[PDB]
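Below you'll find the structure, written out as structure tokens, and then a few comments.
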Amino acid sequence: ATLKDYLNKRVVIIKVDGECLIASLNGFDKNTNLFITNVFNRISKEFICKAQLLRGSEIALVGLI
RNA sequence: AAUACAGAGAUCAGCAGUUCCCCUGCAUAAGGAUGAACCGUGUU
């Protein structure tokens with residue numbers, strides 16, 4: 001199991017608190033720490049960041065859109 | 001000895017089996033020939 005096939009692609013991320021993101025996945029490590037670019041709030045469609053680092057503890061789901 | 005009789009009394013063919021001999025298989029023994037690019041003491 002690996003997030004390799006998702007690199008540089010757009011993804012949906014569901015956080016553990018049920019919050020939702022849309023972003024380009026650029027980096028990831030073994031603990032699921034993500035490096036993201038052009039992040040948005042799925043529900044809100046509100047631009048969050050041009051670049052952001054997201055802890056794996058926070059992630060519940062990553063989907064390939 | 002006399003008599004009564006009954007009174008002159010199977011053939012064609014096939015296959016395997018012993019005996020040597022050649023061809024071809026598998027086995028058991030010994031014998032040889034040659035080929036195979038790789039080297040074991042603090043987040044679930």
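Every chain in the structure tokens has a letter given in the order shown (A, B, ...), and although residue numbers restart at 1 in each chain, ligands are simply numbered from 1 in the order shown.
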
Considering only C-alpha atoms (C1' of nucleotides), give me a table of residues in chain B that are at most 12 Å from chain A, with the closest atom pair and distance in Å for each, as CSV.
```
residue,atom,partner,partner_atom,distance
B:42,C1',A:31,CA,11.7
B:43,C1',A:57,CA,4.7
B:44,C1',A:31,CA,7.6
```

Please, could you write that set of residues out with N, CA and C atoms (P, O5', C5', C4', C3', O3' and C1' of nucleotides) as a PDB file, in the first residue's frame?
```
ATOM      1  P     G B  42       9.874   6.800  21.591  1.00  0.00           P
ATOM      2  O5'   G B  42       8.354   7.141  21.266  1.00  0.00           O
ATOM      3  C5'   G B  42       7.889   7.217  19.904  1.00  0.00           C
ATOM      4  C4'   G B  42       6.889   8.337  19.754  1.00  0.00           C
ATOM      5  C3'   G B  42       6.614   8.781  18.321  1.00  0.00           C
ATOM      6  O3'   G B  42       5.270   9.228  18.192  1.00  0.00           O
ATOM      7  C1'   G B  42       7.491  10.596  19.538  1.00  0.00           C
ATOM      8  P     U B  43       4.140   8.218  17.698  1.00  0.00           P
ATOM      9  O5'   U B  43       3.292   9.104  16.683  1.00  0.00           O
ATOM     10  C5'   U B  43       2.012   9.641  17.065  1.00  0.00           C
ATOM     11  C4'   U B  43       1.104   9.708  15.860  1.00  0.00           C
ATOM     12  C3'   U B  43       0.995   8.416  15.060  1.00  0.00           C
ATOM     13  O3'   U B  43      -0.278   8.333  14.431  1.00  0.00           O
ATOM     14  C1'   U B  43       2.005  10.078  13.726  1.00  0.00           C
ATOM     15  P     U B  44      -1.593   8.186  15.320  1.00  0.00           P
ATOM     16  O5'   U B  44      -1.700   6.612  15.546  1.00  0.00           O
ATOM     17  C5'   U B  44      -0.543   5.765  15.403  1.00  0.00           C
ATOM     18  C4'   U B  44      -0.894   4.540  14.595  1.00  0.00           C
ATOM     19  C3'   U B  44       0.179   3.463  14.528  1.00  0.00           C
ATOM     20  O3'   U B  44      -0.023   2.519  15.569  1.00  0.00           O
ATOM     21  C1'   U B  44      -0.954   3.772  12.421  1.00  0.00           C
TER      22        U B  44
END
```

Checklist entry - Residues at most 12 Å from residue 11 (chain A), counting only C-alpha atoms (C1' of nucleotides), excluding those fewer than 3 positions away in the same chain, as a PyMOL selection string? => result chain A and resi 3+5-8+14+20-26+34-42+61-65

Item to check | Separation of CA of residue 10 (chain A) from CA of residue 50 (chain A) in Å | outcome: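 Going from CA of residue 50 (chain A) over to CA of residue 10 (chain A), I get 13.7 Å.
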
Checklist entry - Separation of CA of residue 54 (chain A) and CA of residue 4 (chain A), in Å? => result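 Distance between the two atoms: 16.9 Å.
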
Next on the checklist: To test your reading of the structure, identify every residue in chain A that backbone DSSP assigns to helix (DSSP H, G or I), and report it as a VMD selection string.
Outcome noted: chain A and resid 4 to 6 56 to 58

The selected residues should be written to file as a PDB file, in the first residue's frame (atoms: N, CA, C and O atoms).
```pdb
ATOM      1  N   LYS A   4       2.142   6.388  -3.762  1.00  0.00           N
ATOM      2  CA  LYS A   4       2.996   6.704  -4.895  1.00  0.00           C
ATOM      3  C   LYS A   4       2.220   7.084  -6.135  1.00  0.00           C
ATOM      4  O   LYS A   4       2.569   8.038  -6.803  1.00  0.00           O
ATOM      5  N   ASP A   5       1.123   6.382  -6.398  1.00  0.00           N
ATOM      6  CA  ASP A   5       0.364   6.625  -7.623  1.00  0.00           C
ATOM      7  C   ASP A   5      -0.337   7.976  -7.605  1.00  0.00           C
ATOM      8  O   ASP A   5      -0.953   8.358  -8.596  1.00  0.00           O
ATOM      9  N   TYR A   6      -0.324   8.667  -6.467  1.00  0.00           N
ATOM     10  CA  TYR A   6      -1.070   9.919  -6.371  1.00  0.00           C
ATOM     11  C   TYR A   6      -0.212  11.153  -6.553  1.00  0.00           C
ATOM     12  O   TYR A   6      -0.746  12.257  -6.657  1.00  0.00           O
ATOM     13  N   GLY A  56       0.143  13.406   9.390  1.00  0.00           N
ATOM     14  CA  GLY A  56      -0.547  12.155   9.101  1.00  0.00           C
ATOM     15  C   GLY A  56      -1.551  11.796  10.172  1.00  0.00           C
ATOM     16  O   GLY A  56      -2.558  11.196   9.883  1.00  0.00           O
ATOM     17  N   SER A  57      -1.272  12.155  11.416  1.00  0.00           N
ATOM     18  CA  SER A  57      -2.193  11.935  12.530  1.00  0.00           C
ATOM     19  C   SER A  57      -3.586  12.493  12.171  1.00  0.00           C
ATOM     20  O   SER A  57      -4.579  12.060  12.738  1.00  0.00           O
ATOM     21  N   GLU A  58      -3.614  13.517  11.315  1.00  0.00           N
ATOM     22  CA  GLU A  58      -4.835  14.234  10.896  1.00  0.00           C
ATOM     23  C   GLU A  58      -5.643  13.596   9.782  1.00  0.00           C
ATOM     24  O   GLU A  58      -6.802  13.906   9.613  1.00  0.00           O
TER      25      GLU A  58
END
```

Checklist entry - Would you give me, as JSON, numbers by chain, the residues in chain A that DSSP reads as strand (DSSP E or B)? => result {"A": [10, 11, 12, 13, 14, 15, 20, 21, 22, 23, 24, 25, 26, 27, 28, 34, 35, 36, 37, 38, 39, 40, 41, 46, 47, 48, 49, 50, 51, 52, 53, 54, 59, 60, 61, 62, 63, 64]}

Give me a file of those residues, with C-alpha atoms, as a short mmCIF file (atom, residue, chain, number, x, y, z; two decimals), in the first residue's frame.
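Produced file selection32.cif, reproduced below:
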```cif
data_model
loop_
_atom_site.label_atom_id
_atom_site.label_comp_id
_atom_site.auth_asym_id
_atom_site.auth_seq_id
_atom_site.Cartn_x
_atom_site.Cartn_y
_atom_site.Cartn_z
CA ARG A 10 -5.29 16.28 -7.38
CA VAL A 11 -6.71 14.64 -4.28
CA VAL A 12 -9.60 14.80 -1.87
CA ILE A 13 -8.51 14.53 1.73
CA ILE A 14 -10.87 13.74 4.55
CA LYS A 15 -9.47 14.67 7.91
CA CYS A 20 -12.54 18.20 3.74
CA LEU A 21 -9.67 19.38 1.50
CA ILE A 22 -8.80 19.52 -2.19
CA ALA A 23 -5.12 19.76 -3.12
CA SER A 24 -2.20 18.68 -5.26
CA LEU A 25 -0.19 16.03 -3.43
CA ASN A 26 3.56 16.72 -3.84
CA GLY A 27 5.32 14.90 -1.03
CA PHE A 28 4.55 12.21 1.55
CA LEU A 34 1.72 15.19 3.41
CA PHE A 35 3.18 18.04 1.45
CA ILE A 36 0.34 19.82 -0.38
CA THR A 37 0.02 22.68 -2.84
CA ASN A 38 -2.96 24.85 -3.76
CA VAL A 39 -5.16 23.62 -0.97
CA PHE A 40 -8.87 24.40 -0.72
CA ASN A 41 -11.76 23.61 1.64
CA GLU A 46 -12.26 28.56 0.00
CA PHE A 47 -8.57 28.81 -0.87
CA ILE A 48 -6.48 27.82 2.12
CA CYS A 49 -2.81 27.80 1.07
CA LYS A 50 -0.38 27.82 -1.84
CA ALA A 51 1.78 25.39 0.12
CA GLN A 52 1.07 23.47 3.26
CA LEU A 53 2.38 20.62 5.34
CA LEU A 54 -0.19 18.31 6.92
CA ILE A 59 -5.54 12.20 7.79
CA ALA A 60 -8.27 9.60 7.54
CA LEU A 61 -8.65 9.30 3.83
CA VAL A 62 -6.99 10.40 0.62
CA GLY A 63 -8.77 10.04 -2.71
CA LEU A 64 -7.63 10.30 -6.25
#
```
